[PDB]
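Here's the structure we're looking at; comments come further down.
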Amino acid sequence: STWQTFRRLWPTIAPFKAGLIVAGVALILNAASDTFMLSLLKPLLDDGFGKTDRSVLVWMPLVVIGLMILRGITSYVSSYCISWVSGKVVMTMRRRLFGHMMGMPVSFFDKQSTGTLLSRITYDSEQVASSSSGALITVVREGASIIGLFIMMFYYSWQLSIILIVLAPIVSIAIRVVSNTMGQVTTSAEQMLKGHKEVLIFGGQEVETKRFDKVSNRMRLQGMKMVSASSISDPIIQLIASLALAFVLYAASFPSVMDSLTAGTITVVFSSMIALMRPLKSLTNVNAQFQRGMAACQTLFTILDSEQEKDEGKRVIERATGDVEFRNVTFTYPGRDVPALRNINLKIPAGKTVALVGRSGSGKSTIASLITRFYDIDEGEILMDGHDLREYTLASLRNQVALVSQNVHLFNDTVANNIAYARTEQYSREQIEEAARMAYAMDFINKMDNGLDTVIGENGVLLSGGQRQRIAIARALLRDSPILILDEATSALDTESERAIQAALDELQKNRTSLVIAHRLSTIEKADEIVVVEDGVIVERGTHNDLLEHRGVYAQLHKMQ
Amino acid sequence: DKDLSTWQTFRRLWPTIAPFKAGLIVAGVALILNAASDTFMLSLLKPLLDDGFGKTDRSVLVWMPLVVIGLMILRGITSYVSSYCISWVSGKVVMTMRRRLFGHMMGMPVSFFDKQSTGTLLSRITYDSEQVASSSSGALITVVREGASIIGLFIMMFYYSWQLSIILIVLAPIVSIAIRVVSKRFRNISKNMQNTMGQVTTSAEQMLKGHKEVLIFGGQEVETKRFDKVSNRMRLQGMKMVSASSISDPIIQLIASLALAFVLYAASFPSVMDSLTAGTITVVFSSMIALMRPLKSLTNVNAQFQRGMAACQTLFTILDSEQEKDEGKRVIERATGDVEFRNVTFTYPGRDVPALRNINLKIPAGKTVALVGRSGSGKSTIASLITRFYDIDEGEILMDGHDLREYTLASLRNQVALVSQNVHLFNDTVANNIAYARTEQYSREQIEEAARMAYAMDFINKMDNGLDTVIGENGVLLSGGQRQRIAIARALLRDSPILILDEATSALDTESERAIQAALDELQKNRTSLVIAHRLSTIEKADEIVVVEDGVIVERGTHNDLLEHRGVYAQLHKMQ
Ligand SMILES: *O[C@H]1O[C@H](CO[C@@H]2O[C@H](CO[C@]3(C(=O)O)C[C@@H](O[C@]4(C(=O)O)C[C@@H](O)[C@@H](O)[C@@H]([C@H](O)CO)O4)[C@@H](O[C@H]4O[C@H]([C@@H](O)CO)[C@@H](O)[C@H](O[C@H]5O[C@H]([C@@H](O)CO[C@H]6O[C@H]([C@@H](O)CO)[C@@H](O)[C@H](O)[C@@H]6O)[C@@H](O)[C@H](O[C@H]6O[C@H](CO[C@H]7O[C@H](CO)[C@@H](O)[C@H](O)[C@H]7O)[C@@H](O)[C@H](O[C@H]7O[C@H](CO)[C@@H](O)[C@H](O)[C@H]7O)[C@H]6O)[C@@H]5O)[C@@H]4O)[C@@H]([C@H](O)CO)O3)[C@@H](O*)[C@H](OC(=O)C[C@@H](CCCCCCCCCCC)OC(=O)CCCCCCCCCCCCC)[C@H]2NC(=O)C[C@@H](CCCCCCCCCCC)OC(=O)CCCCCCCCCCC)[C@@H](O)[C@H](OC(=O)C[C@H](O)CCCCCCCCCCC)[C@H]1NC(=O)C[C@H](O)CCCCCCCCCCC
Ligand SMILES: C[C@H](Oc1ccc2ncc(/C=C/C(=O)O)c(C3CC3)c2c1)c1c(Cl)ccc(N)c1Cl
Ligand SMILES: C[C@H](Oc1ccc2ncc(/C=C/C(=O)O)c(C3CC3)c2c1)c1c(Cl)ccc(N)c1Cl
């Protein structure tokens, strides 16, 4: 599979192969430079030390510098080439994953953590390029290094080289033979921090301290274990290699071997045996790093194979000044088969407010999800302006609907652009300031240092749940969407300046198709039609006179609130 | 400047490290020997090429292999030991630091916690407490080991051919400055990428998190366009990161190489080389080549070390932060339970409208008061004050005739029980949640009946392992109606004299709410209670009902009495 993963990847790389092939040449030459420099080491001792002043002056210092210049350039070139390519493919895959994930359905987003998906973008893409680049570099240059070194070794003393060779199998096998709580740490600290208030009033300081003590000590020993394991592996490896060499030098004792040697040649031969010790290390490990790179890549490719939400509606409607009708609708969450909704018909007539109230258990919220077609439905139909929602392309329908809630997520931008999110160009700031004014956001805003152009960004998080909601109104207002989905289930139960919010929302709800998941009494009373939801079905509905005496469970709910 | 800053930081840290001083001692000794091993293997390089090439077969044969192996043994051992002691010392120093931080954050104010998303805290303490040990370990290691070797190597160079050694000295300063200059021009830009990687992170995270809002509002192009820029900038930065090392490294090696070349060139001249041999030329030059690695490490440590002490300092700023104000000195065990507010005014910090202006309510021992009002008044806030999560600004809150602030927070908070729907369910067994921090003090039979008296056993008996079923995992298993009865089960067991009941967030929509109502009746007969009331039941039986708006009590009385008066209370009754 791993090479099958790679060949799927190669297309994204192929456009940049040119950088690879130049990088390859540069790597080869660097190995050549390093081999060539040990070559020089023979003349310095034989020719150089055989009473020749000329050698130690010209050939050595000037060539060594010459070679150093070539060593630097080539390394610079290869680094730049690799970096460039590595940067190019990392960027490309990050952009595909970003676009792909944004297009997925919300079902996709419920499965995985937002941190996991983010981890894919930041880390897993740079890792695959990293590991493959390291793999390629290691192969090419370390490949070149060892054959250049072995040639040279054999050339000046083939006897010793063939000794060393016959020992390589043994050394290879011997080197083979010796070669979670952190989550609990984060968990332990995090769970104390989530339960700080509870900890304070039951006096749970002692038990949490001991709990952390236990976890923190377990990880200390676990973290020690890994360091200790790594520590012993290589001391033996070098010991074993050393043995092989000790034996090689032992061989030099015998006249048959030694007579072909000088001070210069024996020096280079051993020098090149030690030079080998790192290439061989890198080349044994190359396959491992290549594997882990391809494992991350196949993860990415898994995500990229997942289907994005289907948008086959070919109908556009520029504005909906019309009702939404539900026809015998049933909907089930993917993953379980106890339907959140079973047979729902409700008519939000164009321009009037419908508030639906329900128990926490019921899917009052799921209805609101459905109209915006975050999830598609199992049975029945939803028609907006008489056409089924599915007949419309998603952009137009979603443009029709606006959402307002305490938990609408804020982008790190100028408050003004947050209000005119995704339509900064279209809306003149004159409007923006007005919409922020009407939603009674403006008093809180002007306290900011930059005001509207101040950014709630870079994790500043100056705003609070109450303040955000008034921006959500401002956003929905300014855009002037034909339909309102307003969620009050997020409790927001200890507000400071709720009056502002209420007047804002009345303005917003006015003469605007408003569908409301309501927990608040003012919205309830002034809604035109009220609908009760118990589990998956509409139990009853009631208007003004109907409100006074509930056929449904309004009385019991009214007592609660 | 930073020399001083880091060494004040290090002195602060030392007390934590000194109890493991033995580990550091031994590691340093082993490191010296490790460096000595390398020196001695180069010393062998001379007899190999002089006595071994003066037709003495003994040297090469009988003992050149054996001495080498022996030293490589020693080297390996010394290596393992030193690693062992360091890892050992590092582990505990890290662990002890984490314990201190954990213990310190536990005692921090509530406002502090609300403000900072604990991810940063959490992230900081794990990551930064490791990074201070890792950097300080590496700094020590290189100093001792690389310091030992360069001395040993420099001495060796003088013993054989002192002439060459000194040529390298005088060159060493001009080289050092040149190397230092090069290094400072190019490679101190790690943070540069950090800023751009943050932008990458930020844009990815907010699309991932705010995906639904993107879909609704049309953020596709804008959010893609934003990501397009930042990814390119990140990419370019990584190249700059790479490029910095690419340019620095051979230029630096070139510089050192020219010094060496000059030493070599000087060796041609008869004055120095006459005394030299093939043995001692190679040992001297090999040693010069050896030196390059240690010298590189040493210059880089002060950067390495400053990185460690910086992380230490950030931890110390958390340690320096102020804990909960706790000057009471007064402990009371099972306070009778009457709470009086006098002229209490309270504004949440960093807001400019008081949550409560001039509250006076007296709650007699054993009796319940219902705080009911329009949503957004300070009935919820008042609850928070008795536990002294926040101190009032003006006035005083009395518990049994003394200000809460004269009481130890501990004793003060053991008097107060809390019962609400949003109680936290620690990851544990049901038994251990009810007797949350007193598992050693309450018997099973004690726990079993507390749960029974809270009408909770109907949904406990249906669990997998019943009362010892493990609940938690973000409180997933339990529901709001079930949580109240667990919160009640705690209050009953502890039998705290002051109850704070919050039905605001409670769900009256519960198949078993009459059972929650029975548990409440049995919960509050004996003790003083302060109910943020929203249920017909509790307001019916309540002793006093106080109406709050804009943090002001606007009327008081009995239920029947108040409805007779037909003031603010009745209008709330008239609607629902
Ligand atoms: O290159 C260079 O270097 C090198 C070094 O070395 C070695 O080492 C070792 C060790 O080391 C280490 C350690 O420490 O360990 C290692 C490494 O690594 C690794 C690892 O991993 O481990 C390894 C492997 O495995 C591989 O694989 C690798 C790869 O790469 C991978 O991939 O890896 C490293 O480290 C590392 O590690 C780490 C980890 O571990 C973790 O911790 C990592 O991480 C890191 O990394 C980093 O990096 C980066 C940077 O740095 C950059 O880089 C780049 O690149 C790369 C690559 O690829 C490239 O290629 C890449 O990869 C990268 O990427 C980049 O791109 C940075 O940046 C980064 O950062 C990042 O990262 C991270 C990651 O992650 C991580 O994390 C965690 C923690 O932290 C963990 O856990 C994980 O896992 C991980 O992954 C990231 O992450 C980060 O970040 C991120 O993330 C985070 C988160 O957390 C954060 O931060 C954020 O978020 C983000 O950002 C970042 O940061 C990184 O860091 C590290 O680094 C290293 C380092 O680097 C350092 O620095 O280290 C050791 O052991 C060794 O050693 C020693 O010391 C030495 C020796 C001893 C001595 C003694 C001797 C004795 C003798 C005796 C004799 C006898 C007689 C008697 O040793 C050895 O071994 C030895 C022993 C053995 C024994 C044997 C036996 C004996 C017996 C015998 C028998 C006979 C008898 C007779 C070392 N070494 C070696 O190898 C060796 C050598 C030495 C030297 C020499 C000496 C002297 C002596 C003589 C004797 C004679 C005899 C006869 O050698 C040789 O070869 C020799 C030959 C020559 C000789 C001559 C003679 C003459 C005489 C005179 C006469 C006249 C080296 O190696 C090299 O070298 C070689 O190789 C080369 C060639 O070969 C050579 C050539 C030369 C030539 C010359 C001519 C001469 C003649 C002349 C004529 C006249 C080097 N190069 C050199 O060296 C230098 C050159 O050469 C210069 C030249 C100049 C010349 C002058 C002229 C002259 C004039 C004239 C005058 C005369
Ligand atoms: C005879 C001996 O043959 C092997 C064969 C395979 C090896 N495969 C891996 C490794 C190292 C792995 C690691 O370090 O993780 C080594 C050791 C030389 C470094 C190997 C040595 C050998 C060779 Cl051919 C070349 C140079 C030296 N000096 C030695 Cl002894
Ligand atoms: C004369 C010359 O003096 C310095 C002095 C300070 C140095 N300080 C740092 C570095 C490296 C820094 C780095 O790599 O970041 C070097 C280079 C030799 C490696 C230095 C060289 C020198 C010396 Cl005394 C010893 C051995 C060699 N061979 C050389 Cl040239």
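Sequence order for the protein chains is A and B. Numbers 8 to 186, 198 to 579, taken from UniProt numbering, label the letters of the first sequence in order. Heads up, the second sequence is in UniProt numbering, so the first residue is 4 and it goes up one at a time. Even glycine gets a Cβ: it sits at the ideal position worked out from N, Cα and C.
- Going down the chain, each residue whose beta-carbon is closer than 6 Å to a heavy atom of ligand 3 shows up: B:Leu171, B:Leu174, B:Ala175, B:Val178, B:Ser179, B:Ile182, B:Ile255, B:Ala259, B:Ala262, B:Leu263, B:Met291, B:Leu294, B:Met295, B:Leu298, B:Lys299, B:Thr302.
- If you check the C-beta of A:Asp41 against ligand 2, you find no heavy atom less than 7 Å away.
- Each of B:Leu143, B:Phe56, B:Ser93, B:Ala21 was checked against the Cα of B:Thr302, and the nearest Cα belongs to B:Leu143.
- Checking the DSSP bridge columns, you'll see A:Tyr410 partnered with A:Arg333.
- Assignment of A:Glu133 by DSSP, reduced to helix, strand and coil, places it in the helix class.
- The beta-carbon distance between B:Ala373 and B:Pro500, rounded to whole angstroms, is 19 Å. This is too long to meet the 8 Å contact definition.
- Closer than 7 Å to some heavy atom of ligand 1: that describes the Cβ of A:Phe288.
- The beta-carbon of B:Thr541 is placed no less than 8 Å from the nearest beta-carbon of chain A.
- Contact fails between the stretch 116-123 of chain B and the stretch 265-277 of chain B, because fewer than three Cβ pairs, one in each stretch, are under 8 Å apart.
- Distances from the CA of B:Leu267 to each of A:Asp53, A:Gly73, A:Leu69 were compared; the closest alpha carbon is that of A:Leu69.
- Between the C-alpha atoms of A:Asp231 and A:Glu224 there is a straight-line separation of about 11 Å.
- Per DSSP, the beta-bridge partners of A:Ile362 are A:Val347.
- For A:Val29, the CB stays at least 7 Å from every heavy atom of ligand 1.
- Across the structure, A:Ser248 and A:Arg183 are spaced so that their CA atoms are roughly 14 Å apart.
- For B:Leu48, the shortest separation between its Cβ and any heavy atom of ligand 1 lies below 7 Å.
- For B:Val135, not one C-beta of chain A is nearer than 8 Å to its own C-beta.
- Residues are counted here when their Cβ sits less than 7 Å from a Cβ of chain A; for the stretch 50-73 of chain B these are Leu52, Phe56, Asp60, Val63, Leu64, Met67, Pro68, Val71, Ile72, given in chain order.
- For B:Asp505, the enclosing beta strand (DSSP E) has its first and last residue at 501-505.
- Counting the other CB atoms within 10 Å of its CB gives B:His537 a total of 16 or more, which places it among the buried residues.
- Distance from B:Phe319 to B:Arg101 at the Cβ level is roughly 14 Å; contact not present, criterion being Cβ atoms closer than 8 Å.
- In the three-state reduction of the DSSP assignment, A:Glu451 falls in the helix class.
- One thing to note: B:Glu558 has its Cβ within 8 Å of the Cβ of B:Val550.
- Considering only A:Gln579, A:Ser114, A:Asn477, A:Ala33, the residue with the shortest C-alpha distance to B:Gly122 is A:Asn477.
- Your pair A:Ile474 and A:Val433 checks out as a contact, with CB atoms roughly 6 Å apart and the cut at 8 Å.
- Following the DSSP letters along the chain, one finds A:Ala313 inside the alpha helix (DSSP H) bounded by residues 281-323.
- When distances are taken from the beta-carbon of A:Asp252 to the heavy atoms of ligand 2, the shortest one is below 7 Å.
- At least one CB atom of chain A sits nearer than 8 Å to the CB of B:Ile284.
- Contact annotation: the stretch 172-182 of chain B does not touch the stretch 329-346 of chain B, with fewer than three C-beta pairs closer than 8 Å.
- For B:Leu77, the CB stays at least 7 Å from every heavy atom of ligand 1.
- Only those residues of the stretch 489-508 of chain B whose C-beta falls short of 7 Å from the nearest C-beta of chain A are listed: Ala507, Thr508.
- No Cβ-Cβ contact shorter than 8 Å links A:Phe344 with A:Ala358.
- Here A:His427 is not bridged, per DSSP, to any residue.
- Taking A:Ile321 as reference, the option from A:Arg127, A:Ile366, A:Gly353 with the minimal CA-CA separation is A:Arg127.
- Between A:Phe220 and B:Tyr83, the C-beta spacing is not below 8 Å.
- Of the residues B:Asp60, B:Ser8, B:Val147, B:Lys5, the one whose Cα lies closest to the Cα of B:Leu27 is B:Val147.
- Taking CB atoms only, B:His107 has no neighbour in chain A less than 8 Å away.
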